[PDB]
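Chemist: Structure: my_file-v4.pdb, PDB, C-alpha atoms.
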```pdb
MODEL        1
ATOM      1  CA  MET A   1       9.175  69.328  28.838
ATOM      2  CA  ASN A   2       9.788  66.988  26.093
ATOM      3  CA  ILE A   3       9.763  67.126  22.368
ATOM      4  CA  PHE A   4       5.995  66.614  22.335
ATOM      5  CA  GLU A   5       5.316  69.540  24.488
ATOM      6  CA  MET A   6       7.723  71.706  22.523
ATOM      7  CA  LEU A   7       5.660  71.059  19.302
ATOM      8  CA  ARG A   8       2.303  71.354  21.015
ATOM      9  CA  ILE A   9       3.456  74.905  21.607
ATOM     10  CA  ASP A  10       5.020  75.443  18.145
ATOM     11  CA  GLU A  11       2.786  73.678  15.765
ATOM     12  CA  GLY A  12      -0.303  73.225  17.890
ATOM     13  CA  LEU A  13      -2.369  70.134  18.452
ATOM     14  CA  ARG A  14      -5.596  69.176  16.671
ATOM     15  CA  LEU A  15      -7.642  66.216  18.032
ATOM     16  CA  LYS A  16     -10.281  66.132  15.275
ATOM     17  CA  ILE A  17      -9.655  65.569  11.527
ATOM     18  CA  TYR A  18      -8.687  68.839   9.916
ATOM     19  CA  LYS A  19      -7.284  70.106   6.681
ATOM     20  CA  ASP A  20      -4.033  72.018   6.216
ATOM     21  CA  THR A  21      -2.687  74.913   4.114
ATOM     22  CA  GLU A  22      -2.339  72.393   1.443
ATOM     23  CA  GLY A  23      -5.685  71.024   2.390
ATOM     24  CA  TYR A  24      -4.605  67.539   3.158
ATOM     25  CA  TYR A  25      -6.373  65.860   5.990
ATOM     26  CA  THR A  26      -4.353  66.014   9.134
ATOM     27  CA  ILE A  27      -4.796  65.068  12.724
ATOM     28  CA  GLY A  28      -2.858  65.559  15.993
ATOM     29  CA  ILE A  29       0.380  67.586  15.743
ATOM     30  CA  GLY A  30       0.684  67.594  11.928
ATOM     31  CA  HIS A  31      -0.012  63.884  11.311
ATOM     32  CA  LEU A  32      -1.006  63.927   7.638
ATOM     33  CA  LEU A  33      -3.737  61.379   7.209
ATOM     34  CA  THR A  34      -3.942  60.973   3.422
ATOM     35  CA  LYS A  35      -3.807  63.317   0.373
ATOM     36  CA  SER A  36      -6.948  62.126  -1.407
ATOM     37  CA  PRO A  37      -9.916  64.370  -1.453
ATOM     38  CA  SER A  38     -11.886  61.844   0.561
ATOM     39  CA  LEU A  39     -13.069  62.254   4.124
ATOM     40  CA  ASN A  40     -14.026  58.566   4.377
ATOM     41  CA  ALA A  41     -10.563  57.702   3.161
ATOM     42  CA  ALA A  42      -8.819  59.694   5.895
ATOM     43  CA  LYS A  43     -11.287  58.537   8.360
ATOM     44  CA  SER A  44     -10.270  55.060   7.465
ATOM     45  CA  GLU A  45      -6.506  55.604   7.478
ATOM     46  CA  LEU A  46      -7.016  57.154  10.822
ATOM     47  CA  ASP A  47      -8.868  54.349  12.549
ATOM     48  CA  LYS A  48      -6.374  52.107  10.893
ATOM     49  CA  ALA A  49      -3.467  54.169  12.190
ATOM     50  CA  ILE A  50      -4.551  54.275  15.717
ATOM     51  CA  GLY A  51      -6.749  51.185  15.673
ATOM     52  CA  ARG A  52     -10.457  51.439  16.431
ATOM     53  CA  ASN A  53     -13.666  53.257  15.816
ATOM     54  CA  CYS A  54     -12.245  56.816  16.402
ATOM     55  CA  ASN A  55     -14.576  58.403  13.863
ATOM     56  CA  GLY A  56     -12.589  61.602  13.251
ATOM     57  CA  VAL A  57     -11.476  62.416  16.815
ATOM     58  CA  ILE A  58      -8.691  61.109  18.987
ATOM     59  CA  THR A  59      -7.376  61.436  22.482
ATOM     60  CA  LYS A  60      -4.589  63.725  23.532
ATOM     61  CA  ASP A  61      -2.562  60.645  24.398
ATOM     62  CA  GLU A  62      -3.495  58.992  21.066
ATOM     63  CA  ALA A  63      -1.955  61.920  19.265
ATOM     64  CA  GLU A  64       1.181  61.925  21.329
ATOM     65  CA  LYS A  65       1.860  58.372  20.077
ATOM     66  CA  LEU A  66       1.424  59.268  16.406
ATOM     67  CA  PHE A  67       3.628  62.315  17.124
ATOM     68  CA  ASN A  68       6.222  60.004  18.589
ATOM     69  CA  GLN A  69       6.065  57.742  15.515
ATOM     70  CA  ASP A  70       6.832  60.787  13.432
ATOM     71  CA  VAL A  71       9.681  61.970  15.486
ATOM     72  CA  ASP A  72      11.027  58.516  15.070
ATOM     73  CA  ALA A  73      10.458  58.687  11.328
ATOM     74  CA  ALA A  74      12.088  62.115  11.208
ATOM     75  CA  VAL A  75      15.170  61.227  13.209
ATOM     76  CA  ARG A  76      15.595  57.976  11.270
ATOM     77  CA  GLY A  77      15.912  60.289   8.403
ATOM     78  CA  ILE A  78      18.401  62.533  10.260
ATOM     79  CA  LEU A  79      20.723  59.630  10.957
ATOM     80  CA  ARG A  80      20.426  58.356   7.412
ATOM     81  CA  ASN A  81      21.538  61.906   6.379
ATOM     82  CA  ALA A  82      25.227  62.639   5.742
ATOM     83  CA  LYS A  83      25.269  66.301   6.747
ATOM     84  CA  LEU A  84      22.772  65.920   9.645
ATOM     85  CA  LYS A  85      24.008  62.665  11.201
ATOM     86  CA  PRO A  86      27.290  63.939  12.542
ATOM     87  CA  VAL A  87      25.947  67.047  14.307
ATOM     88  CA  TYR A  88      22.916  65.118  15.668
ATOM     89  CA  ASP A  89      25.198  62.755  17.572
ATOM     90  CA  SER A  90      27.211  65.579  19.006
ATOM     91  CA  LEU A  91      24.027  67.012  20.398
ATOM     92  CA  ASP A  92      22.677  66.561  23.814
ATOM     93  CA  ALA A  93      19.158  65.302  24.509
ATOM     94  CA  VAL A  94      17.496  68.755  24.456
ATOM     95  CA  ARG A  95      19.307  70.314  21.473
ATOM     96  CA  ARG A  96      18.413  67.042  19.667
ATOM     97  CA  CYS A  97      14.872  68.276  20.174
ATOM     98  CA  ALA A  98      15.531  71.668  18.711
ATOM     99  CA  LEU A  99      16.816  70.090  15.467
ATOM    100  CA  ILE A 100      13.823  67.925  15.179
ATOM    101  CA  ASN A 101      11.689  71.018  15.583
ATOM    102  CA  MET A 102      13.709  72.579  12.835
ATOM    103  CA  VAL A 103      13.515  69.708  10.403
ATOM    104  CA  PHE A 104       9.914  69.321  11.392
ATOM    105  CA  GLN A 105       9.247  72.840  10.237
ATOM    106  CA  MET A 106      11.604  73.009   7.285
ATOM    107  CA  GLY A 107      12.607  69.420   6.555
ATOM    108  CA  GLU A 108      15.934  67.766   6.057
ATOM    109  CA  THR A 109      17.036  69.509   2.933
ATOM    110  CA  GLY A 110      16.443  72.798   4.645
ATOM    111  CA  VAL A 111      18.135  72.067   7.849
ATOM    112  CA  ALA A 112      21.114  70.750   5.856
ATOM    113  CA  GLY A 113      21.609  74.134   4.199
ATOM    114  CA  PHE A 114      22.630  75.549   7.612
ATOM    115  CA  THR A 115      26.383  74.701   6.976
ATOM    116  CA  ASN A 116      28.365  77.170   9.101
ATOM    117  CA  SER A 117      25.585  76.833  11.631
ATOM    118  CA  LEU A 118      25.823  73.108  11.938
ATOM    119  CA  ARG A 119      29.626  73.263  12.140
ATOM    120  CA  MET A 120      29.446  75.571  15.179
ATOM    121  CA  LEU A 121      26.715  73.483  16.780
ATOM    122  CA  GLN A 122      28.954  70.455  16.357
ATOM    123  CA  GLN A 123      31.868  72.462  17.618
ATOM    124  CA  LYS A 124      29.610  73.221  20.597
ATOM    125  CA  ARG A 125      29.939  76.942  19.992
ATOM    126  CA  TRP A 126      26.526  77.642  21.478
ATOM    127  CA  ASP A 127      26.665  81.406  21.203
ATOM    128  CA  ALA A 128      28.221  82.001  17.830
ATOM    129  CA  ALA A 129      25.721  79.558  16.581
ATOM    130  CA  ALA A 130      22.716  81.225  18.309
ATOM    131  CA  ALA A 131      24.035  84.339  16.729
ATOM    132  CA  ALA A 132      24.632  82.798  13.314
ATOM    133  CA  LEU A 133      21.038  81.687  13.134
ATOM    134  CA  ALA A 134      19.526  84.936  14.203
ATOM    135  CA  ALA A 135      20.797  86.344  10.876
ATOM    136  CA  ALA A 136      19.166  83.783   8.538
ATOM    137  CA  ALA A 137      15.962  84.079   6.420
ATOM    138  CA  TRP A 138      14.292  81.833   8.916
ATOM    139  CA  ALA A 139      14.148  84.212  11.868
ATOM    140  CA  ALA A 140      12.722  86.746   9.524
ATOM    141  CA  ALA A 141      10.060  84.200   8.564
ATOM    142  CA  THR A 142       9.075  82.830  11.914
ATOM    143  CA  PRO A 143      10.423  85.328  14.413
ATOM    144  CA  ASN A 144       8.786  83.804  17.510
ATOM    145  CA  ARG A 145       9.395  79.995  17.050
ATOM    146  CA  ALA A 146      12.725  81.049  15.540
ATOM    147  CA  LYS A 147      13.699  82.652  18.849
ATOM    148  CA  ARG A 148      12.409  79.889  21.108
ATOM    149  CA  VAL A 149      14.303  77.311  19.129
ATOM    150  CA  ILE A 150      17.432  79.533  19.154
ATOM    151  CA  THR A 151      17.295  79.826  22.892
ATOM    152  CA  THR A 152      17.094  76.044  22.963
ATOM    153  CA  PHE A 153      20.330  75.989  21.126
ATOM    154  CA  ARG A 154      21.807  78.546  23.380
ATOM    155  CA  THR A 155      20.941  77.150  26.694
ATOM    156  CA  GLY A 156      20.125  73.478  26.214
ATOM    157  CA  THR A 157      17.257  74.090  28.593
ATOM    158  CA  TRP A 158      13.441  74.329  28.405
ATOM    159  CA  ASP A 159      13.387  77.913  29.425
ATOM    160  CA  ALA A 160      11.957  79.303  26.186
ATOM    161  CA  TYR A 161       8.939  76.942  26.424
ATOM    162  CA  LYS A 162       8.230  76.581  30.070
TER     163      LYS A 162
ENDMDL
END
```
Step by step, read the file and then write its structure as structure tokens.

Modeler:
Amino acid sequence: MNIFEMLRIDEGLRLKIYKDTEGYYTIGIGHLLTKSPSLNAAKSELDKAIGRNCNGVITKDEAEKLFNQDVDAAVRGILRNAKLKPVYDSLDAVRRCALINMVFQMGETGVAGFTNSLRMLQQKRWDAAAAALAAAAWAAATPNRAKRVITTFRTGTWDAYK
């Protein structure tokens, strides 16, 4: 693994311009193209984004890159966050990846609400924390991902996704 692979599995990966639940053009692993009801528009932003005559479809590698640029964008945000920054630094490589996957699915503001949870993470209390999450709205909501990510916090290994 790697963070890319862990999202491939959780989000999924689309290689041809598609709409979302919100009906915004997207492409790759949740790379929102533009939010204007125009195909042409998105098709342009796209080409622009990756650079060439893609015409609505990109390579698996082409998507990884965008995906990376968004992790980047998402972490940048995590550091620039007061509540998130501290825990994020106390994390090790792999559980850095679980947090991204968590913000990724329920953004900053949401991840931030996990107070007692973040404390324990920080305090490296890997099981009380696993526990403490498996009691929150979230696991109700997305029981499978929820689990997989919670194992990631338990172990600190790619077991749940390999």

Chemist: Taking the file as shown, find all residues satisfying the PyMOL selection byres ((chain A and resi 103) around 12) and write them as a ChimeraX atom specification.

Modeler: /A:7,70-71,73-78,81,84,88,96-102,104-114,149

Chemist: Kindly compute an axis-aligned box around the listed atoms of segment 144-152 of chain A, allowing 5 Å on each side, and express its centre and edge lengths in Å to one decimal as lines of an AutoDock Vina configuration file.

Modeler:
```
center_x = 13.1
center_y = 79.9
center_z = 19.3
size_x = 18.6
size_y = 17.8
size_z = 17.4
```

Chemist: Might you spell out which residues the PyMOL selection byres ((chain A and resi 61) around 12) would select in the displayed file, as a list in words?

Modeler: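 The output of the PyMOL selection byres ((chain A and resi 61) around 12) on this file is residues 4, 5, 13, 14, 15, 28, 29, 50, 57, 58, 59, 60, 62, 63, 64, 65, 66, 67 and 68 of chain A.
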
Chemist: What does the distance from atom CA of residue 20 of chain A to atom CA of residue 37 of chain A come to in Å, to one decimal?

Modeler: 12.3 Å

Chemist: Applied to this file, what does the PyMOL selection byres ((chain A and resi 136) around 12) return in terms of residues, put as JSON, numbers by chain?

Modeler: {"A": [110, 111, 113, 114, 115, 116, 117, 129, 130, 131, 132, 133, 134, 135, 137, 138, 139, 140, 141, 142, 143, 146, 147, 150]}

Chemist: Go ahead and save the picked residues with C-alpha atoms, as a CSV table (one decimal), in the frame of the given file.

Modeler:
```csv
chain,number,residue,atom,x,y,z
A,110,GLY,CA,16.4,72.8,4.6
A,111,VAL,CA,18.1,72.1,7.8
A,113,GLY,CA,21.6,74.1,4.2
A,114,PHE,CA,22.6,75.5,7.6
A,115,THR,CA,26.4,74.7,7.0
A,116,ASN,CA,28.4,77.2,9.1
A,117,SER,CA,25.6,76.8,11.6
A,129,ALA,CA,25.7,79.6,16.6
A,130,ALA,CA,22.7,81.2,18.3
A,131,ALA,CA,24.0,84.3,16.7
A,132,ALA,CA,24.6,82.8,13.3
A,133,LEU,CA,21.0,81.7,13.1
A,134,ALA,CA,19.5,84.9,14.2
A,135,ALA,CA,20.8,86.3,10.9
A,137,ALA,CA,16.0,84.1,6.4
A,138,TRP,CA,14.3,81.8,8.9
A,139,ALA,CA,14.1,84.2,11.9
A,140,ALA,CA,12.7,86.7,9.5
A,141,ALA,CA,10.1,84.2,8.6
A,142,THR,CA,9.1,82.8,11.9
A,143,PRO,CA,10.4,85.3,14.4
A,146,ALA,CA,12.7,81.0,15.5
A,147,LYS,CA,13.7,82.7,18.8
A,150,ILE,CA,17.4,79.5,19.2
```

Chemist: For residue 39 of chain A, list every protein, DNA or RNA residue within 10 Å, evaluated using only C-alpha atoms, and leave out those in the same chain fewer than 4 positions away; present the list as a PyMOL selection string.

Modeler: chain A and resi 17-18+25+33-34+43-45+56

Chemist: Just how far from atom CA of residue 72 of chain A is atom CA of residue 55 of chain A, in Å to one decimal?

Modeler: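 Spanning atom CA of residue 55 of chain A to atom CA of residue 72 of chain A is a straight-line distance of 25.6 Å.
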
Chemist: Can you work out the spacing between atom CA of residue 127 of chain A and atom CA of residue 162 of chain A in Å, to one decimal?

Modeler: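 These two atoms are separated by 21.0 Å.
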
Chemist: Out of A:92, A:148, A:154, A:80, which residue has the shortest atom-to-atom distance to residue 9 of chain A when counting all atoms listed in the file?

Modeler: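 Using all atoms listed in the file, residue 9 of chain A sits closest to A:148.
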
Chemist: Tell me, as a list in words, which residues lie within 8 Å of segment 156-159 of chain A, counting only C-alpha atoms; anything in the same chain fewer than 4 positions away does not count.

Modeler: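 What passes the distance filter is residues 1, 92, 94, 95, 151 and 152 of chain A.
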